[PDB]
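**Student:** Structure of the sequence below:
(4 chains, ligands or ions: 9)
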Amino acid sequence: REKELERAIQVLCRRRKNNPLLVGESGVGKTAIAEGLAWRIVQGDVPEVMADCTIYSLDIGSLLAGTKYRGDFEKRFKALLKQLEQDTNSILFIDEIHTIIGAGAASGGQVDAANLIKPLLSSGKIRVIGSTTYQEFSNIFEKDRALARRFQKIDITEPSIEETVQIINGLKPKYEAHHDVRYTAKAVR
Amino acid sequence: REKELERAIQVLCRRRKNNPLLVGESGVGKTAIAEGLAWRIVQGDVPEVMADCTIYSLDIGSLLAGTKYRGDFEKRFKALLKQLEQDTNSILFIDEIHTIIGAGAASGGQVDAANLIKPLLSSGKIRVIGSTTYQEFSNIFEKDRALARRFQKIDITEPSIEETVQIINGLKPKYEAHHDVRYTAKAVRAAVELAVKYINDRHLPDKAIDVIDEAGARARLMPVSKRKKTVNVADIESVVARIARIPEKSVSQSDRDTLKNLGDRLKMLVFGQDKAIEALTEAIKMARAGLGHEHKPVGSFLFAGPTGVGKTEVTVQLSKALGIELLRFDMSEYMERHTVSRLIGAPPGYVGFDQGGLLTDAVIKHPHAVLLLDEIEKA
Amino acid sequence: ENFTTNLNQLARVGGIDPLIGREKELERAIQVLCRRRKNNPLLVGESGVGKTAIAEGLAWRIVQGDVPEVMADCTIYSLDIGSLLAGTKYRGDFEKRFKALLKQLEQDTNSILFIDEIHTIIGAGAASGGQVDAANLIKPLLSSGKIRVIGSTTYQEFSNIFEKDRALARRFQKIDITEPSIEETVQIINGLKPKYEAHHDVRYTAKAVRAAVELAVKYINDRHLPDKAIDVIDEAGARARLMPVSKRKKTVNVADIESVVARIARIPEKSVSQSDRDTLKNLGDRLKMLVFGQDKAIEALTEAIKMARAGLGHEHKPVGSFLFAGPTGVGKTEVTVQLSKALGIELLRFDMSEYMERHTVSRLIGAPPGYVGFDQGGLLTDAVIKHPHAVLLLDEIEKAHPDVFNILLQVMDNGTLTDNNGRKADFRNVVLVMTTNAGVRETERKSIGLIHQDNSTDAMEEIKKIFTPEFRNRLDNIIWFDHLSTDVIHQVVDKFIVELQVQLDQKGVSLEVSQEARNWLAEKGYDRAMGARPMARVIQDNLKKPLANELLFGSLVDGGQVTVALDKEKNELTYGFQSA
Amino acid sequence: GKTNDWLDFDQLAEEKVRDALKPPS
Ligand SMILES: Nc1ncnc2c1ncn2[C@@H]1O[C@H](COP(=O)(O)OP(=O)(O)OP(O)(O)=S)[C@@H](O)[C@H]1O
Ligand SMILES: Nc1ncnc2c1ncn2[C@@H]1O[C@H](COP(=O)(O)OP(=O)(O)OP(O)(O)=S)[C@@H](O)[C@H]1O
Ligand SMILES: Nc1ncnc2c1ncn2[C@@H]1O[C@H](COP(=O)(O)OP(=O)(O)OP(O)(O)=S)[C@@H](O)[C@H]1O
Ligand SMILES: Nc1ncnc2c1ncn2[C@@H]1O[C@H](COP(=O)(O)OP(=O)(O)OP(O)(O)=S)[C@@H](O)[C@H]1O
Ligand SMILES: [Mg+2]
Ligand SMILES: [Mg+2]
Ligand SMILES: [Mg+2]
Ligand SMILES: [Mg+2]
Ligand SMILES: [Mg+2]
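**Tutor:** Numbers count the residues shown, from 1 in each chain, chains lettered A, B, ... in the order given. Ligands and ions are numbered 1, 2, ... in the order given. This is the structure:
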């Protein structure tokens, strides 16, 4: 996934709207791309500009837990963007970006994560990594034309047979250690 | 944006309901005119009626951070309105103004930012600038007639191709300093011209600026010194092809040999039918050469013949030779007239509105692909 | 203490606009206030009609002394819920202040309270485990007729919110504040002139005031009469104030009013500028250089657009509603696209072949309330509202269900269309052009007889059988596109060659074709029954195909020049690949 | 022949609520 990561890094260096959006089918590795950039950074296989940067995985449940009182969600979410803005070396990764459309809306509550992150992406102060499926990108994410304009769609294609066998070999050590068995090379093919 | 800006000034100098609302599609530049109204004021290229005026952008999220207590939101919101009214010179720019229609409503009460501000707007003591998309304004803002009546809608349309080139020219120093690159005049023109032709899901000012910012980052990443510090036209073409998921304008050396031997490779797999192979290869060659149809597919052929002569096989083998997806659509299932819904989805308000059209979704997912409609006559 | 504002004091310092007219509505409110029980007047009406004006005009009149002596010198208190609810975090704080104000009101016994947008008091102070809300607190006092209050709610906010609470609704008297007449609005603006005149330091003429109310009513249809006329007058004053950059200050005439009304309604400005006048002058000639032949179609379009700009348009109908019929390959859908380009207006293209199902109408105007697609809205209605000045192209209209032709009826007869959200779409400035292929089989088919016949009439009868008489009686014209002539084909061939040269210029390649070779291409590809489309296939096989093999692998990889000439002995084109 | 019926799909409105509390003392 050299080309996908390369385009993602190119987008993350943009002056404005530096928010790569990983769109693909179900099974294709989208979260891995966002969650693999972290592994690449610690190992050192990343450009100098993308070095010394930490990727933060945002969970919606934890953010919307115990926020019945008015303004509890806004406080938590604004504090996150504040701490993330003063860092300048942090990238927020949302596994399901389609879920911020109605995260905080209570009753005609257009004030939500979707309408609150817009001034931040347009100003190019933070970097956000997204991930969503085609079935949910077109029918939920694409409906908010403003939010979809701040995210640069990065289509992910199903790897070929030759590409997939290399992936299996890279994951073989962890899988071999769990089951305590050794998979033959012929078996992977 | 002199015409659009002038209208905003006229509304601001009104006696009552002096709130210029800025409606437009996403990316047209609604927020640019609001934030830009302050940039002009510092330089001084504005009338003296608005000179010395201040603008304050409102952050609805921060205002609702600590308002859990009863009458906590109203207190701070009313304080801001008092400051604006007593200042008599500042302006409140509420971006995404469609969000104040339910702000600070905890219980089933209709007391919100919109109701609170409504009397002040009707008196003209404060001046407010809004910004809302067409869908948002028509679906959320315009539903409140009282609040809509206090704002003067100012529709702004995307600029002309020539006009957007000047916008990028003015923004060149900012983007050039960030990426430490220089943009050629031809590059800016190509970005505008090529983005309009291929990118059809965004607007001209924003999409054109997206090609210029993406290309600048690519150049910086490249380690070669000669390409770095400069952005040629070829760089812009590659970036546009990437965003649109279409073949690059300039044919790669790898693809130049594939097209040359595409006919021979197909002939070995499927013998005879030289006319069919020639038509497909020639059409593809014209499309990659760039002298293709301005707004029509690479080719729209109708294979007719006996059974087992190679009609389906040649099409199936063309995708493998070019390494592209094959959109196989069996038309026998579309014998009935009502089956058309499957291709383009059901209309709004029906059970299948969410599913969408199979053909449209498949094509969008795989724009560069071979679409095979087998047994179309049966449909 | 600081929650209610004395409107009498505000009215005495000149801070309340004067109330002109509305004597009938004023007396009804006053009569209600003089009752024994249920003496609370509730002014209900649309937004912009003047509800708040009447509630504030009462105090203005009381100061002047023109009201009946039954309630002379009464003090009207305007309650702002924002100040009352603010700073009531502690338990019982909102009830202490709210009950304090009511206690003061009863002690006076000669004061009336005015609550603008009174629907908001339902749940104003309520909270989890809430002790009481503002609505319940006032219920005792209202039932016992102790204190008289004045409410103001819109019709939308009087059913979903106020009608629900029958208890409070019973203690109020609904008053339908209908919008005034066109004549009554003129009087209202005459009395209000000094205030606006002093602010902008401008003077409005008598004709200008009348023209505003008249032009606003027939162009602005998203606002009420006492709200849009004042906007035209107010906006005209600010333009007049800022216009004297060189001290060119004069009286505000009717011309200034027309200009502001145009921007508000986004209709083309009257008294078209010389720059725009030149565009319409050579619009026909400019179109004739891109679409050859079919002069009757270009003339109808250009003349319709001219009449609408010159003022001699239709009252409430689109600029034009033309049904472009004829054989294939002719400039039916092309002339429409070129028209939008020359005029510089947005082209609204609608492929009517996707509306074959009778229930696809929901996509055009939106799904009704309560359905999944209500939020999406209608494509046609929203597209028109976004671009009121556009060209609406309906291609393959005959390929749609017969029920999609009934929507266009009101679009052509009334110039309006109502979507699911109740919004009105204005088609008065859209150039409606519908292209059809009705009876194309007939034209391709030849008659069974010694003498061949013209099937133009045969295709007209099919149109009559598809479109009902009412649909065909509201179309400005039905234009028939005649087959392309041989002379036209030569012009069409040059047009396609020019397009080829533009594509080559992007690659640094040039091409030159002699008139001898151009004539040869016309004969091979000319087909009267198939129009100009076959000419694009011949060019592809004879010019684009050889060039493509050279561009990818040959002398044109990095630019070049080509010369195309025919060989008379072999009657075949010769391609010369100069290199570069 | 036969008539092809069409089944409309209804949408229901459900909205969350938040509670603004008042300290007792
Ligand atoms: N004349 C202009 N000057 C500067 N920037 C412009 C101009 N026109 C368009 N833009 C673009 O506007 C961007 C800033 O965001 P805007 O386009 O103003 O957002 P917006 O359209 O108000 O957003 P929403 O989401 O639709 S409310 C800039 O980065 C430019 O790409
Ligand atoms: N010209 C050919 N060369 C090689 N194999 C061929 C050729 N024509 C047919 N075949 C073989 O026949 C099968 C392909 O038949 P198809 O091309 O799919 O038939 P078809 O034209 O779709 O038939 P219909 O639907 O009855 S008109 C495969 O098994 C091919 O290997
Ligand atoms: N009869 C009238 N005499 C004088 N001015 C009037 C009259 N009716 C309306 N106006 C003016 O029309 C404008 C709008 O009327 P208002 O009464 O202020 O509206 P409103 O009832 O507050 O509107 P909402 O908030 O949308 S329900 C103001 O400038 C009024 O002073
Ligand atoms: N009179 C003409 N002059 C120049 N080009 C023309 C003319 N008529 C048709 N063309 C070309 O023919 C092609 C098709 O034009 P259209 O306007 O789509 O034809 P049409 O007759 O409306 O098509 P259908 O399929 O019958 S609806 C385009 O490339 C046009 O530029
Ligand atoms: Mg995932
Ligand atoms: Mg914006
Ligand atoms: Mg087949
Ligand atoms: Mg009012
Ligand atoms: Mg057509």
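
**Student:** quick one, phi psi at residue A:85?
**Tutor:** Recorded main-chain torsions at residue A:85 are phi -80, psi -40, according to degrees, to the nearest 10.

**Student:** How many residues are close by residue D:22?
**Tutor:** By other C-beta atoms under 10 Å in any protein chain shown, the residues close to residue D:22 number 20. (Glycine included, C-beta is placed from N, CA and C.)

**Student:** State the distance spanning the first to the last residue of stretch A:12-19.
**Tutor:** From its first residue to its last, stretch A:12-19 covers 6 Å (C-alpha to C-alpha, to the nearest Å).

**Student:** roughly how far is that stretch from the heart of the chain?
**Tutor:** Its chain's C-alpha centre and that of stretch A:12-19 lie 14 Å apart, by C-alpha atoms, centre = their mean, to the nearest Å.

**Student:** quick one: it near ligand 1?
**Tutor:** Yes. With C-beta under 6 Å from any ligand atom as the criterion, ligand 1 is reached by stretch A:12-19 at residue A:16.

**Student:** And for that stretch, what's in contact with it?
**Tutor:** A:11, A:20, A:49-50, A:91, A:121-124, A:127-130, A:149-152, B:174-175, B:178-179, B:209-210, B:213-214, B:216-217, B:220-221 (C-beta atoms under 8 Å, 6 or more residues apart in numbering or on different chains).

**Student:** Residue D:18 and chain B, how far apart?
**Tutor:** From residue D:18 over to chain B the distance is 5 Å, taken as C-beta to the nearest C-beta, to the nearest Å.

**Student:** scratch that, residue D:13
**Tutor:** From residue D:13 over to chain B the distance is 13 Å, taken as C-beta to the nearest C-beta.

**Student:** Help me confirm that that residue is found in a strand?
**Tutor:** No. Using DSSP: H, G, I helix; E, B strand; the rest coil, the assignment for residue D:13 is coil, not a strand.

**Student:** residue contacts, residue D:12?
**Tutor:** Residue D:12 neighbours (C-beta under 8 Å, 6+ apart): none.

**Student:** How about the backbone phi and psi for it?
**Tutor:** Backbone dihedrals for residue D:12, given as degrees, to the nearest 10, come out at phi -110, psi 140.

**Student:** element containing residue A:56?
**Tutor:** Using DSSP states H and E, residue A:56 sits within strand A:54-58.

**Student:** ok, and does stretch A:64-71 reach over to chain D?
**Tutor:** Yes. Using C-beta under 8 Å from any C-beta of the partner chain, stretch A:64-71 reaches chain D at A:68, A:69, A:70.

**Student:** contacting residues around that stretch?
**Tutor:** Contact partners of stretch A:64-71, identified using C-beta under 8 Å, 6+ apart, comprise A:72-73, A:76, A:103-104, B:64-68, B:73, B:104, B:106, D:18-21.

**Student:** If any of these are buried, give me the PyMOL selection for them.
**Tutor:** What follows is the PyMOL syntax for the buried subset of the contacts of stretch A:64-71, where burial is set by 16 or more other C-beta atoms under 10 Å in any protein chain shown:
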select buried, (chain A and resi 72+73+76+103+104) or (chain B and resi 64+65+66+67+68+73+104+106) or (chain D and resi 18+20+21)
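
**Student:** Identify the residue nearest the closest residue to chain C within chain A in space, chain neighbours excluded?
**Tutor:** Proximity of chain A to chain C (C-beta to the nearest C-beta) peaks at residue A:143, 8.2 Å away. Distance criterion C-beta to C-beta, 6 or more residues apart in numbering or on different chains; nearest residue to residue A:143, sequence neighbours excluded, is residue A:101 at 7.7 Å.

**Student:** from memory that neighbour sits against residue A:140, does it?
**Tutor:** Yes. Judged on C-beta atoms under 8 Å, residue A:101 makes contact with residue A:140 at a distance of 6.0 Å.

**Student:** who's in contact with residue A:44?
**Tutor:** residue A:51.
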